[PDB]
Structure formats: C-alpha cells, structure tokens
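Protein chains in written order, with the deposited numbering: chain A, 206 to 351; chain B, -1 to 48; chain C, 98 to 293; chain D, 3 to 111; chain E, 253 to 301; chain F, 343 to 391. Quick reminder that beta carbons are idealized off the backbone N, C-alpha and C, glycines included. One structure below.
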Amino acid sequence: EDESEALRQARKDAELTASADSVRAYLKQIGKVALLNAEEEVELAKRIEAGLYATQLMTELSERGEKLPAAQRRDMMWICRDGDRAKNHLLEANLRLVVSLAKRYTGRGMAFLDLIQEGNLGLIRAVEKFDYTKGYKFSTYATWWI
Amino acid sequence: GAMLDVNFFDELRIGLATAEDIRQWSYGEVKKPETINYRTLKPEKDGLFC
Amino acid sequence: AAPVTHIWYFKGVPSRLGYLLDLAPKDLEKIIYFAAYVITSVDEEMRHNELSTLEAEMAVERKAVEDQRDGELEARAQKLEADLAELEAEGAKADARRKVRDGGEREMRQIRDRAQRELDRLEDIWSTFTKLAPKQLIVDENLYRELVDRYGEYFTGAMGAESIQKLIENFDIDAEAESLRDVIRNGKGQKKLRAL
Amino acid sequence: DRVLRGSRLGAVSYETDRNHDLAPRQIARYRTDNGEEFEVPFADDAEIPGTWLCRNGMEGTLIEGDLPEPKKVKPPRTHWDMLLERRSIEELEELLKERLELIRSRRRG
Amino acid sequence: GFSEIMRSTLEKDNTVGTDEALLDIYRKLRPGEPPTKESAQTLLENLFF
Amino acid sequence: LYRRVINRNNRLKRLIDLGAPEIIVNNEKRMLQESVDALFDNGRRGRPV
C-alpha cells in the first residue's frame, strides 16, 4: 500500500545500500538538499555579502582595533558564520545543475567524474562572482562559468 | 646491503616499504601531468619525464 | 594530499586490514570509500558523569516532548468540541456530523504517531551514545550529524583512510596478540578458528 | 606501411670514461624549512643561487646568511576583492546594519 | 490446480497482494533506489513488454 | 594512470586550499583513492578502467 511503514521501511533500507558505482553514489549523495527559487537566491546572496563585509570589517578591527562590546563581537561572529553557511548552502544547492550540464561533455577523453569536479570548481567561481542586483536568475549567470 | 650489484649476493629480503623509505628512494617530486613538449619534443620541466 | 589505502592489503581473499583490525570487509569498504563514518576514539570518565547529567537532559527533553504531545491533545479536544458545535446543532447526517470527529481522531492518531517516531529517534540516539565504542560504524548520516552536534565532546569520528590511519595509530599488537593467545587457549568452535 | 624502428628522443655518444681528472667543483649546502639538509655540487665558477628546489620537493634556501628577501607577489584574487569591485563601503555597511537589525529582532525583538 | 508443485508454492508464497509482490520485485531487482507505486507499475512493463 | 593520479591530487589540493563543502572534498578524495587503486591493480574492485 502507501502506509503502515512497509513501503517506508523498504525506502529506508534501500537508502542504506552499498552502491559500489561511484557515480551512482555521488548522485544519491547530491539528490538530498532542497532546490531553491529566485527569492531564496536573493536572500542567500544578501547574507553572503553581509557575512563577507562583516568578516572583512573584523579583519580590519582585529589588528590595531578595539576591544568591542560583547554583543557586537558576538553578532559579528554570528554574521561571519552565517555567510559561510549560506555559501555552502548555495553550492550544495546548485551541484545538480553542474551535473546536468556536465552530462553532455562525456564520451571523449575525460571521465565523467572529473568533468563533474571541474564543473564544481567553475560553480565555486560563479557563486563568488554572482551579483543579485541585476535581477537575473542564478543559472543564467552560472552556465557561462560552468 | 649492495646497491651496485657486483653479483656477490647471499640474500634477497623483501619488506613492506614505508613513506620514509619512499621519499628516500626518490630524487625529485613530480608535480605536473605533462610528458613532452608538443613542438620541440623535449621532456617537460617537472613532468613525468623531467 | 590525503592518505590512500594500498589495494593488496584491503582486497584479498583474506583481507589483511580486516584481520588486523577485526573488521568485516563489507564494513571496511564502507569506511575507506567514504560510505560510512567510524568512531575512531571515545572518552570514558566524561561519559561516566555526563551519563547522569545528560540523562537528566534527556528526561527534560522528553518531558518537553510529552508536553507538546498533550498540548496537541488539548488542541485536538478544542477543535473536536468546535466540530461538535458545528455538527450537532444543525441539520446534517449523523455519519457526516461524525466524519469530522473521525478525521480529528485519525489526526490525533497520526500526530501521536509522529511524536512516537521522534521519541524513538531520541531514544535511539541516547542509547547509541551510551553504547558508543571504538571501531563502530555509523551509517545513516543524519544520526551521526545529530550525535556530533549534540555531543561534540566525548569522542571523535572520521571517515576514510585518515580514520583507518588513526585506528592503526591507536593500536597495540602485544595485548591484542595476548588476548588472541588466550582465546585459542580456552575457546572452542568457530571463535577458535577465527582467532587462529 | 614501414618497419617498426623506434628511437628514444636522445642521442648516445661514447667518449673516454676517465675519472683521473674532472673540473673543480664546490658543494653548496641547501636547507629547507623542516630541518632538512641537502648538498648540490655546483662547479667552481658558478653563480650559486640563493634558493634552490630541493630533492625533497620543497623550496630550500641556502645555509649562508644571505637573506635575499625576494619580495613575493600579492595573493591573486579574493572573494572580498570581487565583492569590493562591484560594491561600495557604504552599501556594504548598509546591508551590515540591515542584518544587524534582523539578528536583533530575532534575538530580542 | 493439478500441479502439486504449484499448490505447494501457492501455499509457500507467504505474500498476498499485487502491490506486495511489486515492492518485493522492485526492492530485489532495483536495489539502491526507493520504491514508489508508479515505478514498479512501469518497471515490469518496461522490461518485457 | 599516473596522469590521472597527478590531476586528481592537484585538484584536491586546490579544493582544500580554496575551501569547499564536505560533499565535493569527500567525492574528490574517493576519486583519488579509486585512481590509486586502479593504478596498482586495474580491475580488482569494480569495473576495470
């Protein structure tokens, strides 16, 4: 049927399998996080830029700076952590786009997984250089770099 | 024991080689996936043929 | 840039790493190929006293769980009386005026089903933290991440050839061989053949 | 459509293998960072370089106290630099104050 | 009906239900993929028909 | 085989120095491990290269 944990136990026990092929292992790995929309990309980009400016400001005020108030230093570290959390979240969101693009350059010379890894490195560069105020979607910019 | 192989041997000991032996055998660390310059056919610097 | 296991001592007809560390080859392929975490070290005395303090923490958390459970029960009773007021005061079918009653009953049943499932989750992670030991594999990534971000002390655990290198680091051949000599001295049957 | 005749890319000469005299040569002692010593026999009239790429695989310096100070290049590109090339300090400070007010409203409201 | 072998297997079947057979087929033939009631509906009809 | 090991080692070093999430670095390390295993004995574990 659809309940009574028979199908649920079957899906759970089939989730914890070997999958000796490394490509199938990586695909089952990356099919995990939830995909995003343009509003989520806007939110994550704003959080990333805020965290980057906060950690650069803390880098400035670390040497020759100030013993800051405890709340100011604490939420400065909070924004500094939140920026990297958003960056990891964005990269892990668009891994699937890297896979879907790199499925077509196979069959000649290189192996599949090396193409996937080079696409991931291009996606790192695209999420570093992406801008949100130009009002475009993230795949529109990221396809160039990938 | 011997390393110039003067054909005076009495043993041949095998052994499980550690990283301290591996980086003691080697003469230089290869760090580039290149073999030969495509135009002048010379062995590349820091390649597999350096 | 990261250590790598030699293939002759991992995949043989006896697997020599498996016989040395007493691991199953099915488990060894899960460890050294980034399929499953492995507990490489653990504490004893910190676990011994935070056993009491963290079981107090666990009882506090499960008390809050049951508080949210009977709060869901009270909200179900409130919505059930609302269904009573909007059913048994007008003209309707006697089965259709209890259809919302049965829907709220099955809603309470699935709500306590969810609550009992996360109760099982908390009981599982607490029991696993009590029975934590070295050379133990942890499949189900979510359980390991929950265990780590709750109990980042008391143990370390990695995944791969670095973790295998840590296991070979924390290792004595003398007491292991003496235990095996004791087992082939006194034991019997299958365990004697395995110990040989 | 020919004969398989191979040749390695290199010539083989044969001259007199005499060891009774050679060119005179020095020996320079190079040192890496991790307590390693290396000997590289250069010739006598040879401008000995202050650094050297060692046999171990890391850039070792020369054990004589030359102190060359080669003045290495900048780190190429940062995420902060790619942010700063398209934003300004007051706009980044404005978003910083925005996130500060948001974490304040989440913390105590 | 006549086959002693077939009635012995139909008593030793230990599974009742078409979907109950389909989930076993999918979990043994697939394994490493979560089953759903449209995939086993299409997997067998893709393999032999 | 030597070029595959050299490529994946350089890429792993660049990913570690760049700062990448755990998924990419773990997949890269299992890629390097599979490449060295294929160097020492191709066709031992899984599909031969």
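Checklist entry - So what does DSSP say about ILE50 (chain D), is it helix, strand or coil? => result Position 48 of the fourth sequence, counted from the start, is the residue given in the question as residue 50 (chain D). Per DSSP, reduced to three states, the secondary structure at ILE50 (chain D) is coil, with no helix or strand assignment.
Next on the checklist: For a minimum of 4 consecutive residues, which ranges assigned as the alpha helix (DSSP H) are wholly contained in the segment 268 to 320 of chain A?
Outcome noted: Taking only runs of at least 4 residues, the alpha helix (DSSP H) segments lying wholly in the segment 268 to 320 of chain A are 275 to 307.
Next on the checklist: Would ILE348 (chain F) pass as an interface residue toward chain B - the criterion being a Cβ-Cβ separation below 7 Å?
Outcome noted: For the purposes of this step, residue 348 (chain F) is identified with residue 6 of the sixth sequence, where counting begins at 1. Chain B contact via Cβ: present.
Checklist entry - Quick one, are the C-beta atoms of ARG101 (chain D) and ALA255 (chain A) less than 7 Å apart? => result Position 99 of the fourth sequence, counted from the start, is the residue given in the question as residue 101 (chain D). Position 50 of the first sequence, counted from the start, is the residue given in the question as residue 255 (chain A). Yes. Within cutoff.
Item to check | Neighbouring residues, chain C, relative to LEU221 (chain A) (Cβ below 7 Å) | outcome: In the first sequence, the residue the question calls residue 221 (chain A) occupies position 16. Near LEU221 (chain A) (Cβ distances below 7 Å), the residues of chain C are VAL236, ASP237.
Next on the checklist: Please tell me whether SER224 (chain A) has its Cβ less than 7 Å away from any Cβ of chain H.
Outcome noted: Checking the listed chains, one finds no chain H in this structure; the protein chains it contains are A, B, C, D, E and F.
Item to check | Close beta carbons around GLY115 (chain C), own chain, < 6 Å, minus the five adjacent residues each side | outcome: Position 18 of the third sequence, counted from the start, is the residue given in the question as residue 115 (chain C). Counting only Cβ-Cβ distances below 6 Å, and skipping sequence neighbours, we find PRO122, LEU125.
Next on the checklist: According to DSSP, simplified to helix, strand and coil, what is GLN28 (chain D)?
Outcome noted: Taking the first residue of the fourth sequence as 1, we reach residue 28 (chain D) at position 26. Coil at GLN28 (chain D), not helix or strand.
Item to check | Host beta strand (DSSP E) of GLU39 (chain D) (start-end) | outcome: Here residue 39 (chain D) refers to the residue found at position 37 when the fourth sequence is read from its first residue. Element bounds for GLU39 (chain D): 39 to 42.
Item to check | Rounded C-alpha distance that separates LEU381 (chain F) from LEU343 (chain F) | outcome: In the sixth sequence, residue 381 (chain F) corresponds to position 39, counting from 1. In the sixth sequence, residue 343 (chain F) corresponds to position 1, counting from 1. Looking at the backbone, the Cα of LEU381 (chain F) and that of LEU343 (chain F) are separated by about 6 Å.
Checklist entry - Assuming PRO283 (chain E) contacts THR222 (chain A) under a Cβ cut-off of 8 Å, what Cβ separation, rounded to an integer in Å, is found between them? => result Within the fifth sequence, the letter at position 31 stands for residue 283 (chain E). Within the first sequence, the letter at position 17 stands for residue 222 (chain A). Here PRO283 (chain E) really is in contact with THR222 (chain A); their C-beta atoms are around 6 Å apart, less than 8 Å.
Next on the checklist: Just verifying my parser: in three-state terms, what is the DSSP assignment at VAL197 (chain C)?
Outcome noted: Position 100 of the third sequence holds residue 197 (chain C). When secondary structure is reduced to three states using DSSP, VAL197 (chain C) falls in the helix class.
Checklist entry - residue 304 (chain E) CB to nearest chain A CB: under 7 Å? => result This structure leaves residue 304 (chain E) out entirely; chain E is present only between 253 and 301.
Next on the checklist: For chain F, check one thing: does any of its Cβ atoms lie closer than 7 Å to the Cβ of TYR346 (chain A)?
Outcome noted: Within the first sequence, the letter at position 141 stands for residue 346 (chain A). No, its Cβ sits nowhere closer than 7 Å to a Cβ of chain F.
Checklist entry - Once you ignore the five residues that flank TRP82 (chain D) on each side, which residues in its own chain have a CB closer than 6 Å to its CB? => result Within the fourth sequence, the letter at position 80 stands for residue 82 (chain D). No residues qualify anywhere along the chain.
Checklist entry - So is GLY67 (chain D) buried or exposed if we call it buried at 16+ other beta carbons inside 10 Å? => result The sequence position of residue 67 (chain D) within the fourth sequence is 65, counting from 1. Classification of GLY67 (chain D): exposed, given that the 10 Å Cβ count is below 16.
Item to check | Under 7 Å from the C-beta of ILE358 (chain F): neighbouring residues of chain C | outcome: Within the sixth sequence, residue 358 (chain F) is the residue found at index 16, counting from 1. Within 7 Å Cβ-Cβ: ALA98.
Checklist entry - For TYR134 (chain C), which beta-bridge partners are listed by DSSP? => result Start at 1 with the first residue of the third sequence, and residue 134 (chain C) comes out as number 37. Answer is C:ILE235.
Item to check | Own chain, CB closer than 7 Å to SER260 (chain C), minus 5 neighbours either side, in chain order | outcome: Position 163 of the third sequence, counting from 1, holds the residue named residue 260 (chain C). Only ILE128, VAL135, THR137 meet the Cβ criterion.
Next on the checklist: What does the alpha-carbon distance come out to for the pair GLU266 (chain C) and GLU273 (chain C)?
Outcome noted: One-based indexing of the third sequence puts residue 266 (chain C) at position 169. One-based indexing of the third sequence puts residue 273 (chain C) at position 176. Going by the C-alpha atoms only, they are around 14 Å apart.
Checklist entry - Rounded to whole angstroms, how far is the Cβ of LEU212 (chain A) from the Cβ of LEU275 (chain E), which I believe are closer than 8 Å? => result Translated into positions along the first sequence, residue 212 (chain A) becomes position 7. Translated into positions along the fifth sequence, residue 275 (chain E) becomes position 23. Between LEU275 (chain E) and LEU212 (chain A) the Cβ distance is about 6 Å, and since that is below 8 Å, they are a contact.
Item to check | As assigned by DSSP and simplified to three states, the class of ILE208 (chain C) | outcome: Taking the first residue of the third sequence as 1, we reach residue 208 (chain C) at position 111. Reduced to three states, the DSSP call for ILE208 (chain C) is helix.
Checklist entry - How many angstroms separate the CA atom of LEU295 (chain A) from the CA atom of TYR231 (chain A)? => result Residue mapping note: residue 295 (chain A) aligns to position 90 of the first sequence, counting from 1. Residue mapping note: residue 231 (chain A) aligns to position 26 of the first sequence, counting from 1. When rounded, the separation of the alpha-carbon atoms in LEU295 (chain A) and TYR231 (chain A) is 18 Å.
Next on the checklist: Using 7 Å as the threshold, is the C-beta distance between residue 65 (chain C) and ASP180 (chain C) below it?
Outcome noted: No statement about residue 65 (chain C) is possible, as the shown extent of chain C runs from 98 to 293 and does not include it.
Next on the checklist: Between which residues of its own chain and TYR106 (chain C) is the CB-CB distance below 6 Å, once the five residues before and five after are set aside?
Outcome noted: One-based indexing of the third sequence puts residue 106 (chain C) at position 9. Same-chain partners within the cutoff: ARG113, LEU114.
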